[PDB]
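A.B. asks: Have a look at the structure that comes next, please.
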Amino acid sequence: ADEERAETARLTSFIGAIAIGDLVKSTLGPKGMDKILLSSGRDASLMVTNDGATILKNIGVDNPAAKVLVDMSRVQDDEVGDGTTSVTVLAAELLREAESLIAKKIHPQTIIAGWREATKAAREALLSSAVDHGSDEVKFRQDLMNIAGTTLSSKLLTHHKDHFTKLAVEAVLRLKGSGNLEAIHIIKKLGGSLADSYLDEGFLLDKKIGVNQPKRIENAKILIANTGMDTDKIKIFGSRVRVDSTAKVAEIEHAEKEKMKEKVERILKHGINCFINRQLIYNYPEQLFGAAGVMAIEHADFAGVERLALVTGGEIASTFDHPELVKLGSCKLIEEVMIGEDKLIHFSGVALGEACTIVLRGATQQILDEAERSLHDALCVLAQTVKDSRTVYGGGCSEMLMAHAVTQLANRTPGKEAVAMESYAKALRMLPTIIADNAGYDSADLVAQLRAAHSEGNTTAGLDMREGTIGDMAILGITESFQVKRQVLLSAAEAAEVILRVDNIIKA
Amino acid sequence: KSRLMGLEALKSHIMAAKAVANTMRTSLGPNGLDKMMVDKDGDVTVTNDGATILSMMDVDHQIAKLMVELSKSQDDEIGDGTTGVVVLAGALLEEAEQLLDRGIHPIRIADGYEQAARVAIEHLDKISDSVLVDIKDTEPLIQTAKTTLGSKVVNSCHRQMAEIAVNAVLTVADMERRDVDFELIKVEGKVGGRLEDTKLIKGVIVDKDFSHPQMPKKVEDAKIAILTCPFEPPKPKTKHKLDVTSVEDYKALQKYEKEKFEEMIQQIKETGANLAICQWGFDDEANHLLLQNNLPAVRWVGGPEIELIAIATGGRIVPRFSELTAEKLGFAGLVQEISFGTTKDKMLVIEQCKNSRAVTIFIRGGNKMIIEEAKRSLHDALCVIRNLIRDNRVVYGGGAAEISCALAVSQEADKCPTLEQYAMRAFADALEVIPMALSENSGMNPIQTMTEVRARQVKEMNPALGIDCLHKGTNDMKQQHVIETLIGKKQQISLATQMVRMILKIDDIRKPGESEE
Amino acid sequence: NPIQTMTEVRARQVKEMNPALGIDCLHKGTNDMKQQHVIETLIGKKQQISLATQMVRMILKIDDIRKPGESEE
Amino acid sequence: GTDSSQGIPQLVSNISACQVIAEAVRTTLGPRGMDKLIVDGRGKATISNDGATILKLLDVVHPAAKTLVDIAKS
Amino acid sequence: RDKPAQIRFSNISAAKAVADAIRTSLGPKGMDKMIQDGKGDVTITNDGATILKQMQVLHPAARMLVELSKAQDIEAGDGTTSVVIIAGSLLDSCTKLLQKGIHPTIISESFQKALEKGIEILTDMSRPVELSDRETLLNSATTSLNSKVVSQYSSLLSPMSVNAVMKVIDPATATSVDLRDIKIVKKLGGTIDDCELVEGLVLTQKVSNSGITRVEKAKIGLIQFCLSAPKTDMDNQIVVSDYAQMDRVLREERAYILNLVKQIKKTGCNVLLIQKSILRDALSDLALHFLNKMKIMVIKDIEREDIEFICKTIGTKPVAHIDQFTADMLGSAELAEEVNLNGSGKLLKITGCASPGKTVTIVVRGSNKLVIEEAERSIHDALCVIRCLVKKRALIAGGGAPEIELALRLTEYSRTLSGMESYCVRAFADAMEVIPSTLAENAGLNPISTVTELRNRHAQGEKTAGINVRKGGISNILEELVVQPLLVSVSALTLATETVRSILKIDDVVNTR
Amino acid sequence: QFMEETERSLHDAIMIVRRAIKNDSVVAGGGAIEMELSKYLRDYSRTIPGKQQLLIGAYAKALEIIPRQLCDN
């Protein structure tokens, strides 16, 4: 079939990542113009997305060039965090650099090395202005707060960020040596609260508990089981095939009520009153499960039992056989707490400890998700805060400063590749450009003055571009782990350079 | 369809074979530039490997298929050189153009290139023709397994990839027999490993592990029960295949295979082989029995693999559960599942210190292309190594031989009064693409870069020093450890010139157009 | 940036009144008309004032936009 | 219906039909006698220096081309 | 790319474009609109409120307004055209200042401080009235029952609009009076003078026929179970190959169920609300015959509205199969009342049930939905009007007339802001006074006399006065019987605010694929 | 791609070696006789003609074109 040559392979390389790189641009740096996601192709929707990864897969990523940064940026946010928005823009900033060098016909080798060369030198330079805010654990808690402060920024959350700051701080604090991402348990629901993020005792659970069965339980010790039925039990008797007539199509459904009743007895051999069958039951089952005295509580969470398998000293395993196979979960009070017209069976009497369940009650499931990545990134980057107390100053205050030496380097350091390294030290400052003008400031007096203001050593001085100004990073508290700065480059660093040296595309 | 002849069919042949060389000469060498190549399947493949490009390449112009062939020839024996013969083709191809444009006849042109290639491959013989044993070769092997694995992107931090190859061809085939067995060398690789994860296995690693580790995870030396017999449904070819829905036959069946599989497993314990490899392997019901029997044994086995378990181990074949005898016992040095430190990677090495007839060189890596990168690393490394472990005959690359070859050819071209005096000298001309593209791969101006080597070869008159192949700043070949099997250039040349020569001998094209498949 | 720059003495216009100061005409880092000493004949400004609306007042004069085939001819 | 043609227009076309075909084998047959890659099908690509094979491979659109095959094939 | 340029206009454009032809509003203006779609299907449209909800719009920022149209309904129920008409007014300020090169975030910033300035001056001109005072509840609703569907009927509805609230209203000033609070249920039959305030939780439902309970002391049911019977929930011992066997399975069905329907009654049930779903058919209709014969109201596959209110206001839970009897979790009921007025409609009246201190029910009756909706649409806003007074007290004039008072007063603060936004804040402070002029819009020729007269004379009403757009002529618009609660328009500002601001946030290229 | 051309030598030789077996009477290969014949024939173009020296000349020359092609190819 097809053999593509470099020009398109390079230009399509240029356009797509640039085309996607400017999707979140005005949403990047500090907040400029936001980014509205219009979905006209697959549905009809009005959507607001400042997230690359969101924006990535929503719009068609099928541009093979876009696929690169779509992948690379996605991987980066998935690793170090909040890297997608970065990487998507960063290599997009990069593509424009060599594009001139490509236009200048600078050897593809030259731009590869020089950037990657300068990629070290800047992160090298990024290593210095990286400053430990976490030496003292309370200052580290304060380090955890400011580093989480730059993470939760720029997205859309009303009151939510305040719960996640301390929590990304607290997930680290109680765990001793890492943050709690999994010990934290994400519950995203619509409750009586248009904006809430709070701590969940045990983990809440949704159901309407009606009919005869007592709707509360006391002194719960849970028998943890993954084995059970829905309309047909898993056992020797769990299958019956009989229809000879049209009455039988009616009769075949009645014998389904035969299969539920025999397990209702089986929970009584263990005699255990608190038993999780993690598969659902209905009211008519709740009618039947209320007769025996051993209740089957339906739809028990896996991670919520893992939540319990953490603190309770119990076990999360699969299937089930007898009470000693999977250790007995225990919760002081399993209760049904009604949120709105609907009631919620709530596993409680177990509060935080080794783990956390976090129930977010938003006005929308939309507001519930944007806080997760905010949390998820603030969790990981505060786990980066753990080992490295270093926070290098945000608002691209590193970028210009990363660009400072590399500029000064590129002149000196290469006697050729300054083309790339300057271009490197050039593109680093694009992120400040797109915001500082979005800020109302003049980026020209930002990327370079404030650069040589902070790059010559006032690093707290940085972008407050939501005031349209230079701003004090430590004072603004706008800073994030030095570890969040490096790899988002290193991803984006190769995000560009791949398609740069890609000179051909074969197509089946 | 139409007859196409002469300059018509010439410029027919000229397009892709010239055009295809371009992406491959931009991919030439490690400094050769990668190519993202995306199917209509949604696939994406980033390849600076012309052999992979040609594989990835479905493009038209049957000649552009014939290169997909021609690289694979040199790919197995010589290893590296897959791409260069292609980019050398388009070189001497366009080189051939203006001689016909001169009026040098289509069969005048080819042969001038051809005999001049004799001088080349003859002049090639002057670089290093050495021959050494494996344990000496490993040094020129790993110095080349620098280049090969490295031109395959990260030899780096590996003599593990380098020196298991030193064993690979060595164990499967002798030094002097020179019979190509990469077929006997099992090049195996697994995602979820590491490039820093690479292993030589002289026997066979079977991914299937013990039914239960509660059963012994070490079977003693040999005592492998070769079994082609169902312990699960053996996809049996005779009958209509239906499971039963009734509790009546649900009970009638469950007592049935508890009797046989156990007495099968006991018959295996009776055959005196404490590992049962089963070409139709183990479901759980037989495994409870197997566990209850306390017999170490192997679950589902690939059909030919239990045979490959035979040869590679020298294992004597017990065909079927009907043939059972305690005398024939398959060979395993030790039967155990192997976690390398990569636990998601678990194979059962049948590890033969006695009879090893298939040597598994097992390499790992983070992901698919990664191990593939490492496989074609480990592939052509050994393949170049196989030459050098057999005859360690090294030309130093990057155009250092080209001038060296282009030199002698050029004058000797003039020495030949035949019309090909031009063509033979025109031959020596297109050799210069080799440092050329590499120069521009390395990002250098070739026309100067190459005559450096010329000025070198004007002085040196041998590849030793050279230009940068690795773009390192030390312009060297020997000293840059740019080390290429002297067989391969002779291979690579003869491949280019003669394929083209028939392309040049074939001027007569019946196609609906210039090119076709 | 004018709107920006205009916004400045605007704040002044809310802060102060009729600034003898002002914005840099010389493009001086400092903004006055005092520090700039940019001051024009309080005639001439109003003399200038007299002109502007007059033109608009001129373009309206009569109801005749017609032309014989002669307008600018 | 039925088609027919006579005389010089046919007769020259009679000899015009033939002379087209003999050029397929023209420069062929020898050491410097050329060689024919003749692709008469999409994935079917055939190589012969002999006429009869490619004669068998090629389409004969003329009685001439038809009458020629055996003659060379003879 | 020039796309963010071209599209942000195209955003503003087709947003404003559709929205601009959308101003015929407030009075017999223009000439009636018979819509025949891009698929060629005849619709006859009018009275843009519905039209706003009818509104079928290509382009997203046009679709933004249909939302924005509905946004005003539940926030107010009044001035939905307002938030729709003024939507262009913000969209106006965008381009002109975008032309000006003002960074749209500054323009986006320009919306809030304005929205901070603007709604305040509306509250500053607001006319205080109460949430519980039946007269202030009357008058606002009166003018909102004056030009709304029924007036003569509103004379019944206006007090019920008020009377429903004093139940629903929590003591004195309280955040209160939602749409979930006053329970608005249509009743088939009667008329609007048969529309009556029917207190507490009154569940409109389809009860099979009669012979039913109209009798006191219901146990109001919520039942997720089948009566377990041959061909209902219980196994049929009889297979049918035969007409003697086929006639056998229904007899054993119908002969069995007769015991459970009484046992269903034996809880004291004059209601069992069936599960909305089917266990097989769920409850056999042959069963439901004898359930009602024991005077137990059954709506099979019950509508969603009863299930919640009965679980909400009454607080009813499912109960065990009456083979197991029940858990007595049937909510509080002293009556199941099924009334046929006109002889029409079947109903469940539950009085003597748990109630929050809210959930007054209005049972909206009429010979057809016309008469029903006649009352309904009128009383609903009259509630929603009073609801607004509850949610936000005082008052403003009807039809954006007070916005011109704001425009004058605000533009000063816009001016005296003297900021980057002040310009924008001034530009949009002047985009209000258009709205009465622009509602005048579509009717006629020799045209243009009143446009700025629809403006100037208000501006010459000092800042306190202007033409009444509802009633006509200049007065102090805020209370003329040209009125809407202060809450109504301050939302229209907020509602249209970020919508248009979202347009300024549209950049690069988005179609999700 | 060089291998095909090799064995056709082996295959051709046998065929013509066998051909040398089958008819032992053997002349010079490579169109040696045609030119002679071309002469020998249009020698009749001197001898034959009342007319057909043309035909005998045209007959004589067409011999040569096969090796002349081999010459020219």
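Identifiers in this document derive from the order of the structure tokens: chains are assigned A, B, ..., residues are numbered from 1 separately in each chain, and ligands are numbered from 1 in order of occurrence.
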Near chain E, meaning an atom within 12 Å, which residues of chain C appear when counting only C-alpha atoms? Write them as JSON, numbers by chain.
C.D. replies: {"C": [1, 2, 3, 4, 5, 6, 7, 8, 9, 10, 11, 12, 13, 14, 15, 16]}
A.B. asks: Taking the backbone alone, and naming residues the way the document does, which bits of region 4-57 of chain C are alpha helix (DSSP H) by DSSP, as JSON, numbers by chain?
C.D. replies: {"C": [4, 5, 6, 7, 8, 9, 10, 11, 12, 13, 14, 15, 42, 43, 44, 45, 46, 47, 48, 49, 50, 51, 52, 53, 54, 55, 56, 57]}
A.B. asks: Would you save the residues from that selection as a tab-separated table (two decimals), in the first residue's frame, using N, CA, C and O atoms?
C.D. replies:
chain	number	residue	atom	x	y	z
C	4	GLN	N	-5.71	48.64	28.90
C	4	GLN	CA	-4.84	48.59	30.07
C	4	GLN	C	-4.34	49.98	30.44
C	4	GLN	O	-4.66	50.49	31.52
C	5	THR	N	-3.56	50.60	29.55
C	5	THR	CA	-3.00	51.91	29.85
C	5	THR	C	-4.09	52.91	30.18
C	5	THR	O	-3.98	53.68	31.13
C	6	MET	N	-5.17	52.90	29.39
C	6	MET	CA	-6.32	53.74	29.68
C	6	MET	C	-6.89	53.44	31.06
C	6	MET	O	-7.20	54.36	31.83
C	7	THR	N	-7.00	52.15	31.40
C	7	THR	CA	-7.52	51.75	32.71
C	7	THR	C	-6.76	52.43	33.85
C	7	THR	O	-7.33	52.64	34.93
C	8	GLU	N	-5.52	52.83	33.62
C	8	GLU	CA	-4.67	53.30	34.70
C	8	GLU	C	-5.12	54.67	35.19
C	8	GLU	O	-5.59	54.82	36.33
C	9	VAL	N	-5.00	55.68	34.33
C	9	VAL	CA	-5.44	57.02	34.71
C	9	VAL	C	-6.94	57.03	34.97
C	9	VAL	O	-7.45	57.88	35.70
C	10	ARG	N	-7.66	56.08	34.37
C	10	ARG	CA	-9.03	55.80	34.81
C	10	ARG	C	-9.10	55.65	36.32
C	10	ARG	O	-9.82	56.40	36.99
C	11	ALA	N	-8.40	54.66	36.87
C	11	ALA	CA	-8.32	54.54	38.32
C	11	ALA	C	-7.96	55.87	38.95
C	11	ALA	O	-8.64	56.33	39.88
C	12	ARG	N	-6.92	56.52	38.44
C	12	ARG	CA	-6.65	57.89	38.82
C	12	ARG	C	-7.89	58.76	38.71
C	12	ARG	O	-8.23	59.45	39.67
C	13	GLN	N	-8.58	58.73	37.57
C	13	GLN	CA	-9.78	59.55	37.43
C	13	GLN	C	-10.79	59.23	38.51
C	13	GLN	O	-11.55	60.10	38.94
C	14	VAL	N	-10.82	57.99	38.97
C	14	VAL	CA	-11.60	57.69	40.16
C	14	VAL	C	-10.86	58.14	41.40
C	14	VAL	O	-11.44	58.75	42.30
C	15	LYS	N	-9.55	57.88	41.45
C	15	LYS	CA	-8.74	58.36	42.57
C	15	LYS	C	-8.69	59.88	42.60
C	15	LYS	O	-9.12	60.50	43.58
C	42	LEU	N	-4.96	75.71	26.84
C	42	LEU	CA	-6.32	75.38	27.23
C	42	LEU	C	-7.31	75.99	26.25
C	42	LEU	O	-8.49	75.61	26.22
C	43	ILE	N	-6.84	76.95	25.45
C	43	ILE	CA	-7.47	77.25	24.17
C	43	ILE	C	-7.44	76.02	23.27
C	43	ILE	O	-8.48	75.45	22.93
C	44	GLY	N	-6.23	75.60	22.90
C	44	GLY	CA	-6.06	74.71	21.76
C	44	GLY	C	-6.81	73.42	21.89
C	44	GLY	O	-7.47	72.97	20.96
C	45	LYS	N	-6.72	72.79	23.06
C	45	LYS	CA	-7.57	71.64	23.35
C	45	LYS	C	-9.04	71.95	23.07
C	45	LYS	O	-9.70	71.22	22.33
C	46	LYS	N	-9.56	73.04	23.65
C	46	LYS	CA	-10.95	73.41	23.38
C	46	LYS	C	-11.09	73.92	21.95
C	46	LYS	O	-12.08	73.62	21.27
C	47	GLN	N	-10.12	74.70	21.50
C	47	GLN	CA	-10.02	74.98	20.09
C	47	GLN	C	-10.09	73.70	19.28
C	47	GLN	O	-10.83	73.62	18.29
C	48	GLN	N	-9.36	72.68	19.71
C	48	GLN	CA	-9.46	71.37	19.08
C	48	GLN	C	-10.84	70.77	19.31
C	48	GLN	O	-11.45	70.22	18.40
C	49	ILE	N	-11.34	70.90	20.54
C	49	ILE	CA	-12.69	70.44	20.85
C	49	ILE	C	-13.69	71.01	19.86
C	49	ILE	O	-14.56	70.29	19.35
C	50	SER	N	-13.57	72.30	19.54
C	50	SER	CA	-14.54	72.96	18.68
C	50	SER	C	-14.68	72.24	17.34
C	50	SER	O	-15.72	72.33	16.68
C	51	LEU	N	-13.64	71.51	16.94
C	51	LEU	CA	-13.57	71.02	15.56
C	51	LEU	C	-14.36	69.75	15.35
C	51	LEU	O	-15.03	69.59	14.32
C	52	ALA	N	-14.29	68.82	16.31
C	52	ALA	CA	-14.64	67.43	16.01
C	52	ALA	C	-16.11	67.25	15.67
C	52	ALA	O	-16.45	66.79	14.58
C	53	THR	N	-17.01	67.62	16.59
C	53	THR	CA	-18.43	67.42	16.34
C	53	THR	C	-18.90	68.27	15.17
C	53	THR	O	-19.82	67.89	14.43
C	54	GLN	N	-18.27	69.44	15.00
C	54	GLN	CA	-18.54	70.28	13.84
C	54	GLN	C	-18.53	69.48	12.55
C	54	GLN	O	-19.45	69.59	11.74
C	55	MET	N	-17.52	68.63	12.36
C	55	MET	CA	-17.45	67.83	11.15
C	55	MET	C	-18.67	66.94	11.02
C	55	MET	O	-19.38	66.99	10.00
C	56	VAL	N	-18.93	66.10	12.02
C	56	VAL	CA	-20.17	65.34	12.04
C	56	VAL	C	-21.35	66.27	11.83
C	56	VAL	O	-22.26	65.98	11.05
C	57	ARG	N	-21.34	67.41	12.51
C	57	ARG	CA	-22.37	68.41	12.25
C	57	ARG	C	-22.33	68.87	10.80
C	57	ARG	O	-23.38	69.22	10.24
A.B. asks: Near region 119-129 of chain B, within 8 Å and counting only C-alpha atoms, which residues show up once chain neighbours fewer than 2 positions away are dropped, as a list in words?
C.D. replies: residues 115, 116, 117, 131, 391, 392, 393, 394, 395, 396, 401, 404, 405, 406, 408, 409, 462, 463, 486, 489, 490, 493 and 494 of chain B
A.B. asks: Name all residues at most 9 Å from residue 64 (chain F) (count only C-alpha atoms; drop same-chain ones fewer than 6 positions away) and give them as a count of residues only.
C.D. replies: 4
A.B. asks: Please report, as a Markdown table, each residue of chain A lying at most 10 Å from chain C, together with the nearest pair of atoms and the separation in Å rounded to one decimal; use only C-alpha atoms, and order rows by chain and ascending residue number.
C.D. replies:
| residue | atom | partner | partner_atom | distance |
| --- | --- | --- | --- | --- |
| A:440 | CA | C:4 | CA | 8.3 |
| A:441 | CA | C:1 | CA | 9.4 |
| A:442 | CA | C:1 | CA | 8.9 |
A.B. asks: Would you output that residue set with C-alpha atoms, as a PDB file, in the first residue's frame?
C.D. replies:
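Okay, result_9.pdb is ready:
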ATOM      1  CA  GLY A 440      -3.342  40.449  30.507  1.00  0.00           C
ATOM      2  CA  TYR A 441       0.386  40.831  31.184  1.00  0.00           C
ATOM      3  CA  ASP A 442       2.929  41.084  28.397  1.00  0.00           C
TER       4      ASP A 442
END
A.B. asks: When you look at residue 342 (chain A) with a cut-off of 12 Å (counting only C-alpha atoms), what residues show up, excluding the ones that are within fewer than 4 positions of it in the same chain? I need them as a short mmCIF file (atom, residue, chain, number, x, y, z; two decimals) with C-alpha atoms, in the first residue's frame.
C.D. replies:
data_model
loop_
_atom_site.label_atom_id
_atom_site.label_comp_id
_atom_site.auth_asym_id
_atom_site.auth_seq_id
_atom_site.Cartn_x
_atom_site.Cartn_y
_atom_site.Cartn_z
CA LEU A 190 -25.03 12.46 44.00
CA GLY A 191 -26.30 13.01 47.54
CA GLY A 192 -28.13 15.83 49.26
CA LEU A 205 -23.63 1.49 50.32
CA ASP A 206 -26.80 2.10 48.32
CA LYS A 207 -30.03 0.08 48.56
CA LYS A 208 -33.73 0.22 49.47
CA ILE A 209 -34.21 -2.12 52.43
CA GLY A 210 -37.92 -2.78 52.73
CA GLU A 336 -29.02 2.21 56.91
CA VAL A 337 -28.62 5.98 56.60
CA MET A 338 -31.06 7.69 54.24
CA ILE E 307 -43.53 5.52 44.75
CA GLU E 308 -41.36 8.39 45.93
CA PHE E 309 -43.89 10.64 47.67
CA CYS E 311 -41.72 6.67 50.37
CA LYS E 312 -41.06 10.38 50.90
CA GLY E 315 -42.59 7.33 54.16
CA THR E 316 -43.79 3.91 53.03
CA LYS E 317 -41.54 0.88 52.70
#
A.B. asks: So that I can see what lies close to region 117-130 of chain A, please list as a count of residues only the residues with an atom at most 10 Å from it, counting only C-alpha atoms and leaving out residues fewer than 6 positions away in the same chain.
C.D. replies: 49
A.B. asks: Would you kindly report the residues of chain B within 8 Å of chain F, using only C-alpha atoms, as a PyMOL selection string?
C.D. replies: chain B and resi 495+498-499+502
A.B. asks: Using only C-alpha atoms, find each residue of chain A with at least one atom at most 6 Å away from an atom of chain E; report its shortest atom-to-atom pair and that distance in Å (one decimal), sort the rows by chain and rising residue number, and return the result as CSV.
C.D. replies:
residue,atom,partner,partner_atom,distance
A:23,CA,E:508,CA,5.3
A:33,CA,E:505,CA,4.9
A:34,CA,E:505,CA,4.4
A:35,CA,E:506,CA,5.4
A:36,CA,E:506,CA,4.8
A:37,CA,E:510,CA,5.3
A:38,CA,E:510,CA,5.0
A:39,CA,E:512,CA,4.2
A:40,CA,E:511,CA,5.2
A:41,CA,E:513,CA,5.5
A:42,CA,E:513,CA,5.7
A:58,CA,E:512,CA,4.5
A:59,CA,E:512,CA,3.9
A:60,CA,E:513,CA,4.8
A:210,CA,E:318,CA,4.6
A:211,CA,E:319,CA,3.5
A:212,CA,E:327,CA,4.6
A:251,CA,E:235,CA,5.7
A:254,CA,E:235,CA,5.4
A:284,CA,E:225,CA,5.5
A:287,CA,E:320,CA,5.0
A:341,CA,E:312,CA,5.6
A.B. asks: Go ahead and write the residues just picked, C-alpha atoms, as a tab-separated table (two decimals), in the first residue's frame.
C.D. replies:
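For reference, selection_26.tsv as written:
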chain	number	residue	atom	x	y	z
A	23	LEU	CA	-6.48	22.57	23.24
A	33	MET	CA	-9.40	31.41	28.71
A	34	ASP	CA	-10.72	28.00	29.60
A	35	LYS	CA	-11.32	25.14	27.20
A	36	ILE	CA	-14.83	24.14	26.18
A	37	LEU	CA	-15.24	20.64	24.84
A	38	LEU	CA	-17.97	20.66	22.21
A	39	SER	CA	-19.05	17.13	21.39
A	40	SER	CA	-20.99	17.29	18.14
A	41	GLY	CA	-19.84	14.10	16.45
A	42	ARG	CA	-20.69	11.25	18.79
A	58	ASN	CA	-12.89	12.75	23.31
A	59	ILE	CA	-11.72	14.42	20.11
A	60	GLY	CA	-10.34	11.97	17.62
A	210	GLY	CA	-37.92	-2.78	52.73
A	211	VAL	CA	-40.40	-5.49	53.68
A	212	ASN	CA	-40.03	-7.75	56.72
A	251	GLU	CA	-44.06	-21.88	35.33
A	254	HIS	CA	-41.84	-19.54	39.52
A	284	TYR	CA	-39.01	-10.28	47.72
A	287	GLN	CA	-38.79	-10.73	52.28
A	341	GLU	CA	-35.63	9.90	49.52
A.B. asks: Do me a favour and pick out the residues of chain D within 9 Å of chain F, using only C-alpha atoms, as an NGL selection string.
C.D. replies: :D and (26-34)
A.B. asks: With N, CA and C atoms retained, could you export that selection as an mmCIF file, in the first residue's frame?
C.D. replies:
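Now in again06.cif:
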data_model
loop_
_atom_site.group_PDB
_atom_site.id
_atom_site.type_symbol
_atom_site.label_atom_id
_atom_site.label_comp_id
_atom_site.auth_asym_id
_atom_site.auth_seq_id
_atom_site.Cartn_x
_atom_site.Cartn_y
_atom_site.Cartn_z
ATOM 1 N N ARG D 26 11.557 -9.670 -28.328
ATOM 2 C CA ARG D 26 12.506 -9.055 -29.252
ATOM 3 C C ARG D 26 13.941 -9.167 -28.754
ATOM 4 N N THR D 27 14.283 -8.405 -27.719
ATOM 5 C CA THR D 27 15.650 -8.309 -27.228
ATOM 6 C C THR D 27 16.023 -9.479 -26.334
ATOM 7 N N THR D 28 15.118 -10.428 -26.163
ATOM 8 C CA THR D 28 15.263 -11.553 -25.260
ATOM 9 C C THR D 28 16.197 -12.600 -25.849
ATOM 10 N N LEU D 29 16.195 -13.774 -25.216
ATOM 11 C CA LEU D 29 16.910 -14.946 -25.704
ATOM 12 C C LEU D 29 18.413 -14.718 -25.776
ATOM 13 N N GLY D 30 19.087 -14.705 -24.636
ATOM 14 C CA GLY D 30 20.524 -14.759 -24.666
ATOM 15 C C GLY D 30 21.185 -14.306 -23.388
ATOM 16 N N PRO D 31 22.519 -14.344 -23.376
ATOM 17 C CA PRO D 31 23.263 -13.800 -22.236
ATOM 18 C C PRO D 31 23.070 -12.304 -22.074
ATOM 19 N N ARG D 32 23.217 -11.536 -23.150
ATOM 20 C CA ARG D 32 22.796 -10.145 -23.180
ATOM 21 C C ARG D 32 21.423 -10.040 -23.832
ATOM 22 N N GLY D 33 20.912 -11.163 -24.336
ATOM 23 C CA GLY D 33 19.526 -11.276 -24.730
ATOM 24 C C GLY D 33 18.642 -11.116 -23.516
ATOM 25 N N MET D 34 17.687 -10.202 -23.623
ATOM 26 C CA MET D 34 17.000 -9.678 -22.454
ATOM 27 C C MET D 34 16.105 -10.734 -21.828
#
A.B. asks: What lies within 7 Å of region 24-27 of chain B using only C-alpha atoms, ignoring chain neighbours under 5 positions off, as a compact mmCIF listing (two decimals) with N, CA, C and O atoms, in the first residue's frame?
C.D. replies:
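The new file result-v6.txt reads:
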# COMPACT_ATOMS: atom_id res chain seq x y z
N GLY B 32 20.41 6.46 12.15
CA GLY B 32 19.29 6.32 11.26
C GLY B 32 17.99 6.65 11.97
O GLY B 32 17.79 6.29 13.13
N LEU B 33 17.12 7.34 11.26
CA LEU B 33 15.98 7.99 11.87
C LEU B 33 14.79 7.04 11.90
O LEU B 33 14.53 6.33 10.93
N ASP B 34 14.10 7.01 13.04
CA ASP B 34 12.97 6.09 13.21
C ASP B 34 11.83 6.47 12.29
O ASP B 34 11.79 7.58 11.75
N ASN B 48 13.07 2.26 12.53
CA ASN B 48 14.24 2.61 11.73
C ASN B 48 14.83 1.35 11.13
O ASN B 48 15.90 1.38 10.51
N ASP B 49 14.16 0.22 11.32
CA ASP B 49 14.63 -1.05 10.79
C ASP B 49 14.04 -1.29 9.42
O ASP B 49 12.85 -1.58 9.29
N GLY B 50 14.90 -1.22 8.40
CA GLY B 50 14.44 -1.48 7.05
C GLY B 50 13.89 -2.88 6.87
O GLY B 50 12.86 -3.06 6.21
N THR B 83 19.24 -3.51 5.63
CA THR B 83 18.84 -2.22 5.07
C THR B 83 19.83 -1.73 4.02
O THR B 83 19.42 -1.19 2.98
N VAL B 87 19.48 0.21 0.30
CA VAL B 87 19.84 1.58 -0.02
C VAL B 87 21.01 1.61 -0.99
O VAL B 87 21.20 2.57 -1.74
N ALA B 437 24.54 8.67 3.61
CA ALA B 437 23.35 8.69 4.45
C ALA B 437 23.72 8.59 5.92
O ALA B 437 23.19 9.35 6.74
N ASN B 441 22.62 10.65 8.53
CA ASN B 441 22.08 10.04 9.74
C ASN B 441 22.82 10.55 10.96
O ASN B 441 22.21 11.06 11.91
